[PDB]
C-alpha cells in the first residue's frame, strides 16, 4: 500500500508504459493472506485502433475488451483458446494496453508451483502470459479491476532492454513486425528470447 504504484504511473502511452513495467514487481495477495511476487521482465505494447495486431484494431470495442478503453491501470483479462488467461493493463489511449508476458518469480514460489500443476522448474512457473496468470491465480474475475486501487493485486516499485517483435501475431503486415515487445536482456526468465533482436 505504501509502495503501491498509483494512478499517475499508469497514465502513460503504451510503449513508455510497457518499458516502464520492466523491473516493477507484480503482487498478488491470496486469501490465505499470503502474497505472491514477481518482477516483470517481459511485456508488449498494443497501440490501439491503428495497431492491426490488437483486439482494438479498427476501433473495435466490445464488452469483452472494455478494459482497454477504461482509465489507465484498469485490467483487461481475457480467455484465450478457451483454456488460458492473458493479463493486460490499460494504458493512456483508448484501445491501448500493455500485455504482461513473463515474470521473474520472487516469493510464494511453492504456491505458484502448486497452482501451475493443474515437478516444475522455476523457469516454467511464469515464463509466459498464460503461465504467469496461472501462477498468480489470475482469472476472468480480475477483468476490469483497478491495479492502482485493488485489494488483491497491485504493482510495486522496483529498486538494458531488448525491443523485439511480438509473439503470436503472425508473419503478415507491418504491425506484426513492429518491435513492440520488450524484455530484460539476458534475463533467464523471459518466455521467448530473440537472439537476432539482441544483436
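Residue numbers count along the first chain shown, from 1.
Residue 171 is a gap in at least a third of the other entries compared, counting only those with both neighbours built.
Omission of residue 119 is seen in a third or more of the other entries compared for this protein where the adjacent residues are built. Per the record, residue 31 and residue 32 are directly connected, as no deposited residue between them is missing from the model. Between 120 to 128 and 79 to 87, it is 120 to 128 that carries the larger average Cα temperature factor according to the deposited entry. Averaged over CA atoms, B-factors in the entry run higher in 184 to 192 than in the other of 184 to 192 and 20 to 28. Comparing the C-alpha B-factors of 55, 39, 157, 166 in the entry, the top value falls on 157. Looking at the C-alpha B-factors along this chain, the one for residue 93 belongs to the middle third. Remark: residue 133 belongs to the lowest third of its chain, ranked by C-alpha B-factor as recorded. In this PDB entry, the Cα temperature factor of residue 62 sits in the top third of its chain's modelled residues, the highest group.
Residue 152: CA B factor lies in the middle third for its chain, per the PDB record. The deposited CA B-factor of residue 47 belongs to the middle third of values across its chain.
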